[PDB]
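Methodologically, a virtual Cβ is constructed for each residue, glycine included, from the backbone with ideal geometry; neighbour enumeration extends over all protein chains shown. Any read-out appearing in this document is the output of simple, stated calculations on the displayed coordinates, not a laboratory observation.
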Number of protein chains: 2
Amino acid sequence: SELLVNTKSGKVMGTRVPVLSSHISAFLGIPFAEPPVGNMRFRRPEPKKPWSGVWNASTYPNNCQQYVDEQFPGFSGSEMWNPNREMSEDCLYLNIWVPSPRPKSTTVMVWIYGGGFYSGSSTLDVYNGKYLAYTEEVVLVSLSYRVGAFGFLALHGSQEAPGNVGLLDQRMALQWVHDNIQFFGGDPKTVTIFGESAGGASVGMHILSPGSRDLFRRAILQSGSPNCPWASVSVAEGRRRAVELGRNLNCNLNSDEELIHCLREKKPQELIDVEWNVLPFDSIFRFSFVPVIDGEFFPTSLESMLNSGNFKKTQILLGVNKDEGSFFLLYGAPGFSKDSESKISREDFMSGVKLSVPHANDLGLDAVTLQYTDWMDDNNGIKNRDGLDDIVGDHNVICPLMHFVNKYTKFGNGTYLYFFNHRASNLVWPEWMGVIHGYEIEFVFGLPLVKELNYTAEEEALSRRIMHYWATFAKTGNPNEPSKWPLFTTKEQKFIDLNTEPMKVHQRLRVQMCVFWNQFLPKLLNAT
Amino acid sequence: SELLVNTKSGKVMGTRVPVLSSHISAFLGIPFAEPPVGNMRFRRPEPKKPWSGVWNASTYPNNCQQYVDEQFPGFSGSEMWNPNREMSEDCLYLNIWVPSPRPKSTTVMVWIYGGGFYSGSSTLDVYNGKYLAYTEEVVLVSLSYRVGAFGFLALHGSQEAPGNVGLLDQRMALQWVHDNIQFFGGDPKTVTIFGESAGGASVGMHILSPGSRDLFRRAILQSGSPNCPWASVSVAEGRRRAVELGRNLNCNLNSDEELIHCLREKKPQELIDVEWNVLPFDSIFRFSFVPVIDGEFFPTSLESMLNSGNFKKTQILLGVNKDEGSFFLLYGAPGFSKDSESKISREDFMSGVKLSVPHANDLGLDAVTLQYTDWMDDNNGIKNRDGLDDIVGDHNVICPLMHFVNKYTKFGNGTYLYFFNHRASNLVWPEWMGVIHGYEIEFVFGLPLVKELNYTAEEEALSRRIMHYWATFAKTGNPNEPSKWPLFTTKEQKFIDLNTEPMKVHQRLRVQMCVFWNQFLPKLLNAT
Ligand SMILES: c1ccc2c(NCCCCCCCCNc3c4c(nc5ccccc35)CCCC4)ccnc2c1
Ligand SMILES: c1ccc2c(NCCCCCCCCNc3c4c(nc5ccccc35)CCCC4)ccnc2c1
Ligand SMILES: *[C@@H]1O[C@H](CO)[C@@H](O)[C@H](O)[C@H]1NC(C)=O
Ligand SMILES: *[C@@H]1O[C@H](CO)[C@@H](O)[C@H](O)[C@H]1NC(C)=O
Ligand SMILES: *[C@@H]1O[C@H](CO)[C@@H](O)[C@H](O)[C@H]1NC(C)=O
Ligand SMILES: *[C@@H]1O[C@H](CO)[C@@H](O)[C@H](O)[C@H]1NC(C)=O
């Protein structure tokens, strides 16, 4: 049977799924790690014990325990990101979509979901891999990994909660794909890992980490990079947040063993209920439990690794969206709201910049404010709103990705950079938010191909070229079929716009603002 | 006789001069102070002893001792600024142009020449007051004052060389005009002092100084303001430059009396020969001997005086030129030269910014460089040249004048601001220098009215409207004849362009760059 596959870990039985009036096989909920429950909470994952019999993989697995967005109850714009399966600590599973008939040895793509390392699910409708598997003939895999304190509580020096275990969950899934994907028709020597936001930062983290490098071939990073200011913390800060979490739960804090033991008896929801109380500052675009620069998964600081070429050399394809920051302002900055144009007063602008660069002294806040204010029209509400939108996006996503791409390209074997600026005709979010963080995903996964979702014919065409650029790059290391997406080089720094208009090539994506965020501001904060 | 005038100091005999095929009277070289020679060098000026008989005022007086520009021998562009009379320490005289027939009580304008407080003459062809006296029916006066060490050597605490004596020379001339101008037909209750560059800074200094305020009615400042970074130094820095000057002449430095005595025996040219050796930094647009914030002429810091309204409240008219910095780069920054377009390399740009902001640490130099560099085209030679031109002009002239005008307007009784951007059709300087520091002067003094100077008909019309704006403002406190130059207000901040095209009104002259120079950079240099 086409739906039965024998792996090194046991046999699994998939299910047949319809796709664009045809069909493919899906193997949903395959376990790749032992359930990280009880005494196993906070620990490195352990490989799944092989099973006898047949594993039923006809349905989506549970999602990992996480905070749930209730800001706009039933609004599809925000609920499309919430877990759509029951939550459980028993959540380490992966999903596979396989073309029909079963390939022999074709291109593999492994998706790593975003969600600020505190949320995310591999089962969201926007991540349904059937359209991409089908249209491009690739074996598509989506893995899962522990988020929040369950995945990133870090007490460096302890083996019970070493930190980075969520990243180790991702690695374990990649080890499973390396070891078993050949049985589903995938070529384990041609796997591309791709992800968005925290997922793109994760992808970049595996390019960096010695222990993950050999488990994949090429990489795609969407709106995220490893050096993002919100993607990692030092071991001292990780330790301090772990202790502060225990303090919120009235834990005995005399020793790591006491803290960890106390944290292990709490129900999942108790940790989720106070998780956000450990941030050191009043901030936006910062998350409590994230990867730690531990000297193991990351041997040295990310910057020295980037500087010395200490990373996997291969091809990468990556890019950003036009308005990466808008949704973080909607959720956390005064003056922004879902149902108004959100013209911002000068005082809310100033309140907005303090929230955006939480780690800055007064001089730093003045430098950011001067850099983004039009002083001949400072009370322009639209300009204040847009300026703040760009500050959040430039500082949290764009400039850190541009710093990564320039450092990577000096040692890599090929880079393709894009700027996604198409605002979907059917967007449910207000206009002011523009081309939102996460909204290039539906095009990568091909939702515009399904008529009922109401996209335009040109939106369907855009989705088909992106899907084909992504799969062709996964297959060959080049998005182009032998009108050309040129290679990004350290000399020319070319990139393309990705929208419904004839491809345009540009150069030096946001150089002006990024010299400010990547060179001047850090120099300024370090001296003052 | 029309050419004979009796003053409180004695009788003076003028000469009749032709002007635009008519004539007026000129009283050249009237003495207003005792010669500041011998033991009087460096001291406050003393009033001229009255003389019996008739003072011959038919010829220009000597110019004060100063450094002489020899960079382009015989080039009219630079020689038009050099002294055109023999030099002498005996140089405290004033000149008067009087309409014919002799007025009874008309508007008086007193010109104070620029020249960085180290040079300048009241006798330059560009300062000939006959055209303005004639066309606008005003009594035009040009005074003189000691420059360089002779006028500004400052050893605070000593009465032998207290500093600011050159400013006291100007004051003495204003006291003479107040006391005697009625005999030449001038109204001493309606005198406007006006000046350019160091002369405009001086004008602003008399608006500030309690001891000078009552001696004039209204003021005009051209490309200069009192708070310019090159226009004053602290008493400790003045002292240090005086000592360093003595050290260059092998003077005994044990006491002020020893230093001063030694400096008084040196010939004038010996002081001029080493004068430039005392600057504390490798700089551009900085001069050795300038006014000192002494607690007497300036009771407190200029900024606290501006902040508290501690200054003369009246009407002012002032403005700047488009390319104030170009000539200082020509003379002192690598890569600029008179006969080439002066496209500047990135390294010369960087060398240029270090010279321009001599008082800045590394962080400050980076902030200036980032603010003026187009990072998507950083090797553009024209952009590097123009960027440096704007850095010099914004920092040395424009932004300090804009800070002065906004502080003044909160307490004053009327402000008119202009932006002079007409490049003269007959300019002998290369194109790259644009609308040069000092080149609005020939229009204020009406040289375009004389056919042989080869200006265009529209240039003659522009000169006539400027002359009439200046004299009408001198007469009434408003440049407009009862198309309107609007009042600058702290709310609207309107100003006009001054050129051959139909008047255009704008707002917030260089606000963007000036928030950088006036608020951010000083905050940055003070913290780091
Ligand atoms: C108390 C108070 C606040 C919080 C909190 N506040 C987070 C607000 C900032 C974050 C809210 C965004 C929702 C994620 N969902 C979204 C994601 C993406 N794009 C989105 C676009 C629009 C709206 C939501 C999006 C792209 C892929 C990743 C996920 C979190 C946890 N616990 C708390 C506890
Ligand atoms: C050794 C080395 C250098 C110097 C020095 N170097 C000054 C260079 C910088 C200054 C040179 C400019 C000439 C003034 N003459 C000019 C003035 C104005 N505009 C001008 C425009 C173009 C050229 C000259 C101008 C507007 C009114 C004020 C005077 C000075 C003394 N001693 C020295 C001794
Ligand atoms: C597979 O498991 C799901 C669990 O809901 C069930 O509905 C389905 O019938 C199962 N099929 C088999 C063959 O066990
Ligand atoms: C990638 O590597 C191959 C083989 O080492 C080399 O020939 C090619 O030029 C490289 N391509 C890029 C983009 O550097
Ligand atoms: C005035 O002085 C000048 C000095 O050069 C002289 O040429 C002129 O003849 C003098 N006239 C009188 C009346 O003394
Ligand atoms: C100047 O002062 C007069 C009289 O004090 C006043 O009436 C007038 O409004 C003032 N004008 C300005 C420009 O402030």
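For a 29 Å ceiling on Cα separation, which of these pairs sit above it: A:8/A:266; A:266/A:338; A:504/B:354; B:189/B:407; B:48/B:267; A:343/B:313?
From the list (A:8/A:266; A:266/A:338; A:504/B:354; B:189/B:407; B:48/B:267; A:343/B:313), the Cα-Cα distance tops 29 Å for A:8/A:266; A:266/A:338; A:504/B:354; A:343/B:313.
Just going by the charge dipole of segment B:404-473, with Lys and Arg at +1 and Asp and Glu at -1 on Cβ, which of B:466, B:409, B:453 is farthest out on the positive end?
B:409
For segment B:146-192, what does the relative contact order come out to in percent, with C-alpha contacts under 8 Å and a separation of six or more?
24 percent
Spin-label point model (7 Å from Cα, Cβ direction): what's the residue B:423 to residue B:84 distance in nm?
For the pair residue B:423/residue B:84, the computed spacing is 2.6 nm.
Taking the Cα centre of chain B as origin, sum charge times position over the Cβ atoms of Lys and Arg (+1) and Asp and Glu (-1), and report the length of that vector in debye to the nearest 20.
The calculated dipole for chain B is roughly 1960 debye.
Which percent, to the nearest 5, of DSSP beta bridges fully inside chain A are antiparallel?
40 percent
Decide, for segment A:377-522, between rounded, prolate and oblate: order the square roots of the alpha carbon gyration tensor eigenvalues as a ≥ b ≥ c, take rounded if a/c falls under 1.5, and otherwise choose prolate if a/b is larger than b/c, else oblate.
oblate
Leaving out same-chain residues fewer than 8 places away, which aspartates and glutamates sit with a Cα under 20 Å from that of residue B:410?
Correct list for residue B:410: B:303, B:492.
Kindly work out what percent of the DSSP beta bridges joining two residues of segment B:28-167 are antiparallel, to the nearest 5.
55 percent
Averaged across the residues of A:507-516, what count of C-beta atoms belonging to other chains lies within 10 Å of each residue's C-beta?
Other-chain Cβ atoms within 10 Å of each residue's Cβ, averaged: 3.
Which whole-number percentage describes the relative contact order of segment B:1-69, with Cα contacts under 8 Å and a sequence gap of 6 or more?
35 percent
DSSP loop (so not H, G, I, E, B), at most 14 other Cβ within 10 Å: list which trypsin sites (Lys or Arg not before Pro) in segment A:36-121 pass both filters.
A:104
I want the antiparallel fraction of DSSP beta bridges within the protein assembly as shown, as a percent rounded to 5.
Percentage antiparallel, nearest 5: 40.
Between segment B:157-208 and segment B:403-482, what is the separation of their alpha carbon centroids in Å?
Comparing the Cα centres of segment B:157-208 and segment B:403-482, I get a distance of 22 Å.
Just to confirm the filter: which chymotrypsin sites (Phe, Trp or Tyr not before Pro) across segment A:340-411 are DSSP coil and have at most 15 other Cβ within 10 angstrom of their Cβ?
Here the chymotrypsin sites (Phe, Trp or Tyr not before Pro) that fit, given the DSSP loop and packing criteria, are A:375.
Need one number: convex hull volume per residue for chain A, Cα atoms only, in Å³.
Roughly 146 Å³ of hull volume per residue.
Could you tell me which residue in chain B puts its beta carbon nearest the axis mapping B onto A, with the distance rounded to whole Å?
Spelled out as residue then distance in Å, it is B:528, 3.
Exactly which chymotrypsin sites (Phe, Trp or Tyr not before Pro) in segment B:6-57 are in a DSSP loop and have at most 14 other Cβ atoms within 10 Å?
B:51
Quick query: amide H of residue B:415 versus all other amide H atoms, modeled in the peptide plane; which residues come in under 5 Å with a sequence gap of 5 or more or a different chain?
Here B:316, B:488 satisfy the definition.
Identify, among B:262, B:428, B:515, the residue whose Cα sits farthest towards the positive end of the charge dipole of chain B, taking +1 on the Cβ of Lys and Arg and -1 on the Cβ of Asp and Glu, with the dipole about the Cα centre.
Most positive-ward Cα: B:515.
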